[PDB]
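To be precise, the following lines are run_12.csv, and they hold CSV, C-alpha atoms and all ligand atoms.
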```csv
chain,number,residue,atom,x,y,z
A,3,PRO,CA,-22.7,18.0,-17.5
A,4,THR,CA,-19.0,18.5,-18.3
A,5,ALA,CA,-17.4,21.9,-18.6
A,6,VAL,CA,-14.1,23.7,-19.3
A,7,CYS,CA,-12.7,26.1,-16.7
A,8,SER,CA,-11.3,29.5,-17.4
A,9,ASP,CA,-7.8,28.0,-17.3
A,10,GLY,CA,-8.7,25.4,-19.9
A,11,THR,CA,-9.2,22.5,-17.5
A,12,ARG,CA,-11.8,19.9,-18.4
A,13,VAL,CA,-13.9,19.0,-15.4
A,14,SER,CA,-16.9,16.6,-14.8
A,15,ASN,CA,-18.7,19.3,-12.9
A,16,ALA,CA,-18.7,23.1,-13.4
A,17,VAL,CA,-18.6,23.7,-9.6
A,18,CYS,CA,-15.1,22.4,-9.7
A,19,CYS,CA,-14.1,25.5,-11.5
A,20,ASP,CA,-14.4,27.6,-8.3
A,21,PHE,CA,-11.3,25.9,-7.1
A,22,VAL,CA,-9.1,27.2,-9.9
A,23,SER,CA,-9.0,30.8,-8.6
A,24,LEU,CA,-8.7,29.4,-5.1
A,25,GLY,CA,-5.6,27.5,-6.0
A,26,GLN,CA,-4.1,30.5,-7.7
A,27,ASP,CA,-4.8,32.7,-4.7
A,28,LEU,CA,-3.4,30.1,-2.3
A,29,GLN,CA,-0.2,30.1,-4.3
A,30,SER,CA,0.1,33.8,-4.9
A,31,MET,CA,-0.7,34.8,-1.3
A,32,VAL,CA,0.7,31.9,0.9
A,33,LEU,CA,2.4,28.9,-0.7
A,34,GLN,CA,4.4,30.9,-3.3
A,35,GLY,CA,4.8,27.8,-5.5
A,36,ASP,CA,7.2,26.3,-2.8
A,37,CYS,CA,7.3,23.1,-0.8
A,38,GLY,CA,8.4,25.4,2.1
A,39,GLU,CA,7.3,26.3,5.6
A,40,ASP,CA,3.7,27.3,4.7
A,41,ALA,CA,3.1,24.3,2.5
A,42,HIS,CA,4.3,22.0,5.3
A,43,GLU,CA,2.1,23.7,7.9
A,44,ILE,CA,-1.0,23.4,5.7
A,45,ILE,CA,-0.3,19.7,5.1
A,46,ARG,CA,0.0,19.1,8.8
A,47,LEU,CA,-3.4,20.9,9.2
A,48,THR,CA,-5.1,18.5,6.8
A,49,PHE,CA,-4.3,15.8,9.3
A,50,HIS,CA,-5.2,17.7,12.4
A,51,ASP,CA,-8.5,18.7,10.8
A,52,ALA,CA,-9.4,15.3,9.5
A,53,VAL,CA,-8.4,12.9,12.3
A,54,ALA,CA,-10.6,14.5,14.9
A,55,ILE,CA,-13.5,12.0,14.5
A,56,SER,CA,-14.2,8.8,16.4
A,57,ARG,CA,-16.3,5.7,15.4
A,58,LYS,CA,-16.6,4.5,19.0
A,59,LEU,CA,-17.6,7.9,20.5
A,60,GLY,CA,-20.0,8.8,17.7
A,61,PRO,CA,-20.6,11.9,15.6
A,62,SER,CA,-20.7,14.3,18.5
A,63,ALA,CA,-17.0,13.8,19.2
A,64,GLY,CA,-16.0,15.4,15.9
A,65,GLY,CA,-16.9,15.7,12.2
A,66,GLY,CA,-13.5,14.8,10.7
A,67,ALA,CA,-12.5,16.7,7.6
A,68,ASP,CA,-15.0,19.5,8.2
A,69,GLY,CA,-13.0,22.7,8.6
A,70,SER,CA,-13.6,22.7,12.3
A,71,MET,CA,-10.1,24.1,12.8
A,72,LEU,CA,-10.9,27.1,10.7
A,73,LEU,CA,-14.5,27.6,11.8
A,74,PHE,CA,-13.8,27.4,15.5
A,75,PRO,CA,-10.2,28.7,15.7
A,76,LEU,CA,-10.4,29.5,19.4
A,77,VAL,CA,-11.1,25.8,20.3
A,78,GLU,CA,-9.1,23.0,18.7
A,79,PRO,CA,-6.0,24.9,17.6
A,80,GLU,CA,-5.3,25.7,21.3
A,81,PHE,CA,-5.6,22.1,22.5
A,82,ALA,CA,-2.1,21.0,23.5
A,83,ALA,CA,-1.8,18.4,20.7
A,84,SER,CA,-2.3,21.2,18.1
A,85,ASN,CA,0.2,23.7,19.4
A,86,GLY,CA,1.6,25.5,16.4
A,87,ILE,CA,-1.3,24.7,14.1
A,88,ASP,CA,-2.4,28.3,14.5
A,89,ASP,CA,0.0,29.4,11.7
A,90,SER,CA,-1.8,27.4,9.0
A,91,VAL,CA,-5.2,28.2,10.5
A,92,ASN,CA,-4.6,31.9,10.4
A,93,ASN,CA,-3.2,31.7,6.9
A,94,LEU,CA,-6.3,29.9,5.6
A,95,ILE,CA,-9.1,31.8,7.4
A,96,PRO,CA,-9.1,34.8,5.0
A,97,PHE,CA,-9.8,32.5,2.1
A,98,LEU,CA,-13.2,31.7,3.6
A,99,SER,CA,-14.5,35.2,2.8
A,100,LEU,CA,-12.3,35.6,-0.4
A,101,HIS,CA,-13.9,32.4,-1.8
A,102,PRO,CA,-17.3,32.3,-0.1
A,103,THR,CA,-18.7,29.4,-2.2
A,104,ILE,CA,-16.0,27.0,-0.9
A,105,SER,CA,-16.6,25.4,2.5
A,106,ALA,CA,-13.9,25.4,5.2
A,107,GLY,CA,-13.6,21.6,5.0
A,108,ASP,CA,-13.0,21.8,1.2
A,109,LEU,CA,-10.6,24.7,1.7
A,110,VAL,CA,-8.4,22.8,4.1
A,111,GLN,CA,-8.2,19.7,1.9
A,112,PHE,CA,-7.8,21.6,-1.4
A,113,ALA,CA,-5.0,23.7,0.2
A,114,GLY,CA,-3.3,20.5,1.2
A,115,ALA,CA,-3.5,19.1,-2.3
A,116,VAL,CA,-2.1,22.3,-3.8
A,117,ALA,CA,0.7,22.4,-1.1
A,118,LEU,CA,1.6,18.8,-1.9
A,119,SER,CA,1.8,19.5,-5.6
A,120,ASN,CA,4.7,22.0,-4.8
A,121,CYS,CA,6.8,19.1,-3.5
A,122,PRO,CA,9.0,17.2,-5.9
A,123,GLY,CA,7.9,13.5,-5.9
A,124,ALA,CA,4.6,14.1,-4.2
A,125,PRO,CA,1.5,12.4,-5.7
A,126,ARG,CA,-1.3,14.3,-7.4
A,127,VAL,CA,-3.9,13.5,-4.8
A,128,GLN,CA,-7.6,12.9,-5.3
A,129,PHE,CA,-9.8,15.9,-4.5
A,130,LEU,CA,-13.5,15.5,-3.8
A,131,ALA,CA,-15.5,18.6,-3.1
A,132,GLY,CA,-18.8,19.3,-1.3
A,133,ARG,CA,-18.0,19.0,2.4
A,134,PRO,CA,-20.8,21.0,4.2
A,135,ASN,CA,-19.8,24.5,5.4
A,136,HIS,CA,-21.0,24.1,9.0
A,137,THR,CA,-19.9,21.9,11.8
A,138,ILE,CA,-19.0,22.1,15.5
A,139,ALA,CA,-15.6,21.9,17.3
A,140,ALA,CA,-14.2,18.5,18.0
A,141,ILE,CA,-13.4,17.3,21.5
A,142,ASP,CA,-9.8,17.2,22.8
A,143,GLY,CA,-7.8,13.9,22.8
A,144,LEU,CA,-8.3,12.7,19.2
A,145,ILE,CA,-4.9,13.7,17.7
A,146,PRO,CA,-2.0,11.3,18.2
A,147,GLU,CA,1.1,12.8,19.9
A,148,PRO,CA,4.7,11.8,19.3
A,149,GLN,CA,5.1,10.2,22.7
A,150,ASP,CA,2.3,7.8,22.0
A,151,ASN,CA,3.0,4.1,21.5
A,152,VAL,CA,2.2,2.1,18.4
A,153,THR,CA,-0.7,0.3,19.9
A,154,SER,CA,-2.3,3.7,20.8
A,155,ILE,CA,-1.5,5.2,17.4
A,156,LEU,CA,-2.9,2.2,15.5
A,157,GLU,CA,-6.1,2.2,17.7
A,158,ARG,CA,-6.6,5.9,17.2
A,159,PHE,CA,-6.3,5.7,13.4
A,160,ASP,CA,-8.5,2.6,13.3
A,161,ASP,CA,-11.1,4.4,15.4
A,162,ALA,CA,-10.9,7.5,13.2
A,163,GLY,CA,-11.4,5.8,9.9
A,164,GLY,CA,-10.5,2.2,9.8
A,165,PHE,CA,-6.9,2.8,8.7
A,166,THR,CA,-4.7,-0.3,8.7
A,167,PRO,CA,-1.2,-0.4,9.9
A,168,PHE,CA,0.0,-0.2,6.3
A,169,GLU,CA,-2.1,2.9,5.7
A,170,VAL,CA,-0.8,4.5,8.9
A,171,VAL,CA,2.8,4.0,7.8
A,172,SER,CA,1.9,5.3,4.3
A,173,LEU,CA,0.4,8.5,5.8
A,174,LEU,CA,3.7,9.0,7.7
A,175,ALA,CA,5.5,9.3,4.5
A,176,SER,CA,4.4,12.9,5.0
A,177,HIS,CA,7.3,13.3,7.5
A,178,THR,CA,9.5,13.4,4.4
A,179,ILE,CA,8.6,17.1,4.2
A,180,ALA,CA,8.3,18.0,7.8
A,181,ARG,CA,10.0,20.0,10.6
A,182,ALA,CA,9.3,20.7,14.2
A,183,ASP,CA,8.9,24.1,16.0
A,184,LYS,CA,7.3,23.1,19.3
A,185,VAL,CA,8.8,19.7,20.2
A,186,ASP,CA,12.0,21.5,21.3
A,187,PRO,CA,11.4,24.9,22.8
A,188,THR,CA,15.0,25.9,21.9
A,189,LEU,CA,14.7,25.0,18.2
A,190,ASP,CA,12.9,26.2,15.2
A,191,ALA,CA,12.3,24.2,12.1
A,192,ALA,CA,14.1,21.0,13.1
A,193,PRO,CA,13.7,18.7,10.1
A,194,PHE,CA,12.7,15.1,10.2
A,195,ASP,CA,14.8,14.1,7.2
A,196,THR,CA,17.7,15.6,5.2
A,197,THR,CA,15.4,16.7,2.4
A,198,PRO,CA,12.5,18.5,4.0
A,199,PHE,CA,11.6,20.2,0.6
A,200,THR,CA,11.6,16.9,-1.3
A,201,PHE,CA,8.9,14.2,-1.2
A,202,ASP,CA,11.3,11.2,-1.2
A,203,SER,CA,12.0,8.2,1.0
A,204,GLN,CA,14.9,9.7,2.9
A,205,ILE,CA,12.7,9.8,6.1
A,206,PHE,CA,12.3,6.0,6.0
A,207,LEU,CA,16.0,5.3,5.7
A,208,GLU,CA,17.1,7.9,8.2
A,209,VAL,CA,14.8,6.9,11.0
A,210,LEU,CA,16.5,3.4,10.8
A,211,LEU,CA,20.0,4.8,11.5
A,212,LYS,CA,21.3,4.6,15.1
A,213,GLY,CA,20.7,7.8,17.1
A,214,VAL,CA,23.9,9.6,18.3
A,215,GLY,CA,22.7,12.9,19.9
A,216,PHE,CA,20.2,15.6,19.9
A,217,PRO,CA,19.9,18.8,17.8
A,218,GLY,CA,18.9,20.7,20.9
A,219,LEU,CA,17.8,19.5,24.4
A,220,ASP,CA,18.1,15.9,25.3
A,221,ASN,CA,14.8,15.4,27.2
A,222,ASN,CA,11.9,16.7,25.2
A,223,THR,CA,8.6,14.7,25.4
A,224,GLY,CA,8.1,12.8,22.2
A,225,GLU,CA,11.7,13.1,20.9
A,226,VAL,CA,14.4,10.5,20.7
A,227,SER,CA,18.1,10.6,19.7
A,228,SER,CA,18.9,11.7,16.1
A,229,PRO,CA,21.5,10.2,13.8
A,230,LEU,CA,22.4,13.6,12.4
A,231,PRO,CA,22.0,16.2,15.1
A,232,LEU,CA,24.5,18.8,13.8
A,233,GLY,CA,23.2,22.3,12.8
A,234,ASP,CA,24.6,25.8,12.8
A,235,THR,CA,22.1,27.3,15.3
A,236,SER,CA,24.7,27.4,18.1
A,237,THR,CA,26.5,30.1,16.1
A,238,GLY,CA,23.3,32.0,15.1
A,239,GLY,CA,22.5,30.1,11.9
A,240,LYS,CA,19.1,28.7,10.9
A,241,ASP,CA,20.1,25.3,9.7
A,242,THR,CA,18.7,23.3,12.6
A,243,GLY,CA,19.9,19.7,13.0
A,244,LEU,CA,17.8,16.7,12.3
A,245,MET,CA,15.2,15.7,14.9
A,246,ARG,CA,13.7,12.2,15.4
A,247,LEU,CA,10.2,11.6,16.9
A,248,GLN,CA,9.6,8.8,19.3
A,249,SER,CA,6.5,7.8,17.3
A,250,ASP,CA,8.5,7.5,14.0
A,251,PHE,CA,11.2,5.4,15.7
A,252,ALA,CA,8.5,3.2,17.3
A,253,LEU,CA,6.7,2.7,13.9
A,254,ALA,CA,10.0,1.8,12.3
A,255,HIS,CA,10.7,-1.0,14.8
A,256,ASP,CA,7.3,-2.4,15.9
A,257,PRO,CA,6.4,-5.9,14.5
A,258,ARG,CA,3.1,-4.6,13.1
A,259,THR,CA,4.7,-1.7,11.1
A,260,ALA,CA,8.5,-2.2,10.7
A,261,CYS,CA,8.3,-4.1,7.4
A,262,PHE,CA,5.9,-1.5,6.0
A,263,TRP,CA,8.3,1.2,7.2
A,264,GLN,CA,11.3,-0.4,5.5
A,265,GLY,CA,9.4,-1.3,2.4
A,266,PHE,CA,9.3,2.3,1.3
A,267,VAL,CA,13.1,2.8,1.5
A,268,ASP,CA,14.2,3.5,-2.1
A,269,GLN,CA,10.7,2.7,-3.5
A,270,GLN,CA,9.7,6.2,-4.6
A,271,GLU,CA,6.6,5.3,-6.7
A,272,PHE,CA,5.3,2.7,-4.2
A,273,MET,CA,5.7,5.3,-1.4
A,274,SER,CA,4.0,8.1,-3.3
A,275,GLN,CA,1.1,5.9,-4.5
A,276,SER,CA,0.6,4.4,-1.0
A,277,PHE,CA,0.6,7.9,0.6
A,278,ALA,CA,-1.9,9.0,-2.1
A,279,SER,CA,-4.4,6.3,-1.4
A,280,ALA,CA,-4.3,6.6,2.4
A,281,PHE,CA,-4.4,10.4,2.2
A,282,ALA,CA,-7.5,10.4,-0.1
A,283,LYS,CA,-9.2,8.3,2.7
A,284,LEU,CA,-8.0,10.8,5.3
A,285,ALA,CA,-9.3,13.8,3.3
A,286,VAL,CA,-12.9,12.5,3.3
A,287,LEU,CA,-13.3,11.4,7.0
A,288,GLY,CA,-16.7,12.5,8.2
A,289,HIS,CA,-18.3,12.1,4.8
A,290,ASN,CA,-19.9,9.6,2.5
A,291,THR,CA,-18.1,10.0,-0.8
A,292,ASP,CA,-21.5,9.5,-2.6
A,293,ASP,CA,-22.3,13.0,-1.2
A,294,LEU,CA,-19.2,14.6,-2.7
A,295,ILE,CA,-18.2,15.5,-6.3
A,296,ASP,CA,-14.9,14.6,-8.0
A,297,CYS,CA,-12.8,17.7,-8.6
A,298,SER,CA,-9.5,15.9,-8.9
A,299,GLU,CA,-8.8,17.5,-12.3
A,300,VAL,CA,-8.2,20.9,-10.6
A,301,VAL,CA,-5.4,19.7,-8.4
A,302,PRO,CA,-2.2,21.0,-10.0
A,303,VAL,CA,0.2,18.5,-11.6
A,304,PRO,CA,2.9,18.0,-9.0
A,305,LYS,CA,6.6,18.8,-9.5
A,306,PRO,CA,8.2,15.6,-10.7
A,307,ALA,CA,10.3,13.3,-8.5
A,308,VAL,CA,13.9,14.3,-8.4
A,309,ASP,CA,16.6,12.3,-10.3
A,310,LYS,CA,18.7,11.7,-7.3
A,311,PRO,CA,18.7,8.0,-6.0
A,312,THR,CA,17.9,7.3,-2.4
A,313,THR,CA,21.3,7.4,-0.5
A,314,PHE,CA,22.9,7.4,2.9
A,315,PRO,CA,23.6,11.0,4.0
A,316,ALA,CA,27.3,12.0,4.4
A,317,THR,CA,29.0,10.4,7.4
A,318,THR,CA,26.4,7.6,7.6
A,319,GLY,CA,26.2,4.1,6.0
A,320,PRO,CA,24.7,0.7,6.2
A,321,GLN,CA,26.8,-0.2,9.3
A,322,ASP,CA,24.7,2.4,11.2
A,323,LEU,CA,21.3,0.7,10.4
A,324,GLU,CA,19.2,-0.8,13.2
A,325,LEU,CA,17.0,-3.2,11.3
A,326,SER,CA,13.8,-5.0,12.4
A,327,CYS,CA,12.2,-6.5,9.2
A,328,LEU,CA,13.0,-10.1,8.4
A,329,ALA,CA,10.7,-10.3,5.4
A,330,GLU,CA,12.7,-7.9,3.1
A,331,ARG,CA,16.4,-7.3,2.7
A,332,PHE,CA,17.4,-3.6,3.1
A,333,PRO,CA,18.6,-2.5,-0.4
A,334,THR,CA,22.2,-1.7,-1.2
A,335,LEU,CA,22.5,2.1,-1.6
A,336,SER,CA,25.3,4.6,-2.2
A,337,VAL,CA,26.8,6.8,0.4
A,338,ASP,CA,27.0,10.6,-0.1
A,339,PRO,CA,30.6,11.7,0.0
A,340,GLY,CA,32.0,13.8,2.9
A,341,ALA,CA,33.9,13.7,6.2
A,342,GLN,CA,31.5,15.8,8.3
A,343,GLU,CA,27.7,16.1,8.4
A,344,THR,CA,26.2,18.3,5.7
A,345,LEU,CA,24.0,21.0,7.1
A,346,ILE,CA,20.4,20.6,6.2
A,347,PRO,CA,19.3,23.8,4.5
A,348,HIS,CA,16.6,25.9,6.1
A,349,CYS,CA,15.2,26.8,2.7
A,350,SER,CA,14.3,25.0,-0.5
A,351,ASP,CA,16.8,27.2,-2.4
A,352,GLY,CA,19.6,26.0,-0.2
A,353,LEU,CA,20.1,29.2,1.7
A,354,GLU,CA,19.1,30.3,5.3
A,355,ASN,CA,17.4,33.6,4.7
A,356,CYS,CA,14.1,32.7,3.1
A,357,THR,CA,10.9,34.2,4.7
A,358,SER,CA,7.4,32.9,4.8
A,359,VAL,CA,3.9,34.4,4.6
A,360,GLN,CA,2.1,34.6,8.0
A,361,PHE,CA,-1.3,36.3,8.3
A,362,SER,CA,-2.4,37.5,11.8
A,363,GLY,CA,-5.5,35.8,13.1
A,364,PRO,CA,-7.5,34.5,16.0
A,365,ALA,CA,-5.7,31.2,16.6
A,366,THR,CA,-2.8,31.2,19.1
A,367,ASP,CA,0.1,29.1,20.2
A,368,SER,CA,2.0,28.0,23.3
B,401,LIG,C1,1.3,9.2,14.7
B,401,LIG,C2,0.9,10.2,13.9
B,401,LIG,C3,1.6,11.5,13.8
B,401,LIG,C4,2.3,12.1,14.8
B,401,LIG,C5,2.6,11.7,16.3
B,401,LIG,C6,2.9,13.3,14.2
B,401,LIG,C7,3.7,14.2,14.9
B,401,LIG,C8,4.2,15.4,14.4
B,401,LIG,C9,4.9,16.4,15.1
B,401,LIG,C10,5.3,16.3,16.6
B,401,LIG,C11,5.3,17.4,14.3
B,401,LIG,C12,6.1,18.6,14.6
B,401,LIG,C13,5.1,19.8,15.1
B,401,LIG,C14,5.9,20.9,15.6
B,401,LIG,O1,6.5,20.8,16.8
B,401,LIG,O2,6.0,22.0,15.0
B,401,LIG,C15,4.7,17.0,13.0
B,401,LIG,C16,4.9,17.8,11.8
B,401,LIG,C17,4.3,17.5,10.6
B,401,LIG,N1,3.4,16.4,10.4
B,401,LIG,FE1,3.1,14.8,11.6
B,401,LIG,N2,2.5,13.4,12.9
B,401,LIG,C18,1.7,12.4,12.6
B,401,LIG,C19,1.1,12.1,11.5
B,401,LIG,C20,1.0,12.9,10.4
B,401,LIG,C21,0.2,12.8,9.2
B,401,LIG,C22,-0.8,11.7,9.1
B,401,LIG,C23,0.5,13.8,8.4
B,401,LIG,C24,-0.1,14.2,7.0
B,401,LIG,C25,-0.6,13.2,6.2
B,401,LIG,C26,1.5,14.6,9.0
B,401,LIG,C27,2.1,15.7,8.4
B,401,LIG,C28,3.0,16.5,9.0
B,401,LIG,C29,3.7,17.6,8.4
B,401,LIG,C30,3.6,18.0,6.9
B,401,LIG,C31,4.5,18.2,9.4
B,401,LIG,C32,5.5,19.4,9.3
B,401,LIG,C33,4.8,20.8,9.6
B,401,LIG,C34,5.8,21.9,9.4
B,401,LIG,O3,7.0,21.6,9.1
B,401,LIG,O4,5.3,23.0,9.6
B,401,LIG,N3,1.8,14.1,10.2
B,401,LIG,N4,4.1,15.8,13.1
B,402,CA,CA,-12.1,18.7,12.0
B,403,CA,CA,12.4,14.3,2.3
B,404,NA,NA,6.5,24.2,11.0
```
Please render this file's structure as structure tokens.
Amino acid sequence: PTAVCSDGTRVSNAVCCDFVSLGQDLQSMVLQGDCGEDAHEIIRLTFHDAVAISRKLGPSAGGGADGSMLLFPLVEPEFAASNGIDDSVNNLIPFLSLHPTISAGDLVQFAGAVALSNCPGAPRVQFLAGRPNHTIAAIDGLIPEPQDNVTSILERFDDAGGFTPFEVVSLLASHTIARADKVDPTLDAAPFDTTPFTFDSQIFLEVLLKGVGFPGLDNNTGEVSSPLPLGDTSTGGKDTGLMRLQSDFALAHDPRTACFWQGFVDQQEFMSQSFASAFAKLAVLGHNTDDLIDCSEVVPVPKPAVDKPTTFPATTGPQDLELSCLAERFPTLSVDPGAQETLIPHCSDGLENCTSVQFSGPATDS
């Protein structure tokens, strides 16, 4: 039967109401209403938790979106491909005992949905509940890495859950709110687009610009040249320059994926809806949805998309594009004014001094 939660929310199932206080605690204790570092980490964790599953190897290889990262924090978070995932894992573990009726698998996915809701332009994703509260650790080798080629990436996603090339590119819209701490050992929080606190299509445009240098070292595995490498970290600042992943570059230019990649440029609603659909599929890997219950109503309404059009960042323009898609013309867009690169802020408030919640815990890094 239907019910009304303590916050006034109408749900199709009263068990959904347990998630209301969980969302409140996730915000008050970790996410702080922001599309910031901790939100980004948790969204990355939804993927590392979910994708560790394989049709061809069978169920013993991993249970998908099963909370295995939280329940066995000494195993998967320390595999090489998950270096750095410990921060999100250690931030979520305490919620398992604070909200003991909610499984680790549900916790990971619900935290991701709440985190996304803090990001202007992000979709309000589906949330199904009821993932069982026990599993085993996945094997190593199931998480794509940034040095991987497109054939490998596409095969891994197909084997994980039958994702199509379009769905893979759609999921990578998440790199619109993403930075790197481990790719370059000399850099912290190197952003993948110029708006890492905004769920927009800048990532799609900016990967298509010609690379001109590196924000740090020039020879890191999985990294390629960036179109906007300038930061202020050489003078002690925290506004790290923009980083480009080899995998994002490869997706942007491969015949299977390049038109899907370009098709999101300046198509905010199409991008966000496409991400939402593929992400809902990711979130239930390892489960038959018939065995889950719809608790989508308890995902917070996301911050609205920003008013700002999609534009070329200062000092760039259409002459800098490297295009690969014949099927669709790249749209005419304005160029942000300015003679030098604009520093990409380290914080959603535009400053450099913001700090993030980090709980101690059992997962480790490097
Ligand atoms: C081919 C598939 C993918 C590859 C190779 C990849 C690679 C990476 C790498 C190397 C980083 C930086 C980690 C670090 O050094 O700190 C990163 C960050 C991130 N990834 Fe991906 N990723 C992929 C797919 C996805 C998907 C499917 C999602 C979610 C739907 C996702 C969400 C994120 C987020 C939110 C971050 C930022 C984390 C932070 O700023 O703390 N990624 N990814
Ligand atoms: Ca898992
Ligand atoms: Ca962005
Ligand atoms: Na990070």
Legend entry - Nearby polymer residues, ligand CA 403 (chain B), at most 12 Å, only C-alpha atoms and all ligand atoms, as a ChimeraX atom specification: /A:37-38,42,121-124,174-181,193-209,244,267-268,270,273-274,307-308,310,312-313,315,346-347,350
Inset, instruction - Tell me, as a VMD selection string, which residues lie within 10 Å of residue A:300, counting all atoms listed in the file; anything in the same chain fewer than 5 positions away does not count. - result: chain A and resid 7 9 11 to 13 18 to 22 25 112 115 to 116 128 to 129
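Distances here use only C-alpha atoms; by that measure, the residue among A:60, A:243, A:134, A:163 closest to residue A:192 is A:243.
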Inset, instruction - Write as an MDAnalysis selection string the residues around ligand NA 404 (chain B), taking 8 Å as the cut-off and counting all atoms listed in the file. - result: chainID A and resid 39:40 42:43 86 180:183 190:191
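The list of residues with at least one atom within 8 Å of stretch 90-98 of chain A, based on only C-alpha atoms and without residues fewer than 5 positions apart in the same chain, reads residues 24, 32, 40, 43, 44, 47, 71, 72, 75, 79, 104, 105, 106, 109, 110, 359, 360, 361, 362, 363, 364 and 365 of chain A.
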Inset, instruction - Excluding residue A:78 and any residue of its chain fewer than 2 positions from it, enumerate the residues within 8 Å of it, using only C-alpha atoms, and give them as a ChimeraX atom specification. - result: /A:70-71,74-76,80-81,84,139-142
Would you mind putting back N, CA, C and O atoms on stretch 28-42 of chain A, then writing it out as a compact mmCIF listing (two decimals), keeping the file's coordinate frame?
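What follows is the written file result25.txt:
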```
# COMPACT_ATOMS: atom_id res chain seq x y z
N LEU A 28 -4.16 30.77 -3.29
CA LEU A 28 -3.40 30.10 -2.30
C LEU A 28 -1.87 30.16 -2.61
O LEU A 28 -1.04 30.37 -1.72
N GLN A 29 -1.55 29.97 -3.89
CA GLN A 29 -0.20 30.10 -4.30
C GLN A 29 0.36 31.50 -4.26
O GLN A 29 1.44 31.75 -3.73
N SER A 30 -0.40 32.45 -4.78
CA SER A 30 0.10 33.80 -4.90
C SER A 30 0.27 34.44 -3.48
O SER A 30 1.18 35.22 -3.25
N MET A 31 -0.62 34.09 -2.55
CA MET A 31 -0.70 34.80 -1.30
C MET A 31 0.00 34.05 -0.13
O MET A 31 0.37 34.70 0.85
N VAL A 32 0.16 32.73 -0.22
CA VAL A 32 0.70 31.90 0.90
C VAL A 32 1.77 30.98 0.50
O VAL A 32 2.87 31.05 1.04
N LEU A 33 1.49 30.04 -0.41
CA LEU A 33 2.40 28.90 -0.70
C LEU A 33 3.59 29.33 -1.57
O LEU A 33 4.67 28.74 -1.47
N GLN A 34 3.36 30.31 -2.44
CA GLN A 34 4.40 30.90 -3.30
C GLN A 34 5.08 29.81 -4.18
O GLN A 34 6.27 29.93 -4.49
N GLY A 35 4.33 28.78 -4.58
CA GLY A 35 4.80 27.80 -5.50
C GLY A 35 5.86 26.82 -4.83
O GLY A 35 6.39 25.94 -5.49
N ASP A 36 6.12 27.00 -3.53
CA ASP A 36 7.20 26.30 -2.80
C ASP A 36 6.70 25.19 -1.95
O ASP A 36 5.61 25.26 -1.39
N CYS A 37 7.53 24.17 -1.81
CA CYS A 37 7.30 23.10 -0.80
C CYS A 37 8.05 23.58 0.47
O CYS A 37 8.92 22.88 0.98
N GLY A 38 7.66 24.75 0.97
CA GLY A 38 8.40 25.40 2.10
C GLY A 38 7.54 25.35 3.36
O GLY A 38 6.60 24.57 3.51
N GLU A 39 7.90 26.24 4.28
CA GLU A 39 7.30 26.30 5.60
C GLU A 39 5.75 26.30 5.52
O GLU A 39 5.09 25.50 6.17
N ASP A 40 5.19 27.19 4.72
CA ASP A 40 3.70 27.30 4.70
C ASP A 40 3.03 26.14 4.13
O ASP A 40 1.95 25.76 4.58
N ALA A 41 3.63 25.53 3.12
CA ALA A 41 3.10 24.30 2.50
C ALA A 41 3.09 23.18 3.59
O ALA A 41 2.09 22.48 3.75
N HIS A 42 4.20 23.03 4.30
CA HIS A 42 4.30 22.00 5.30
C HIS A 42 3.24 22.18 6.40
O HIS A 42 2.57 21.22 6.81
```
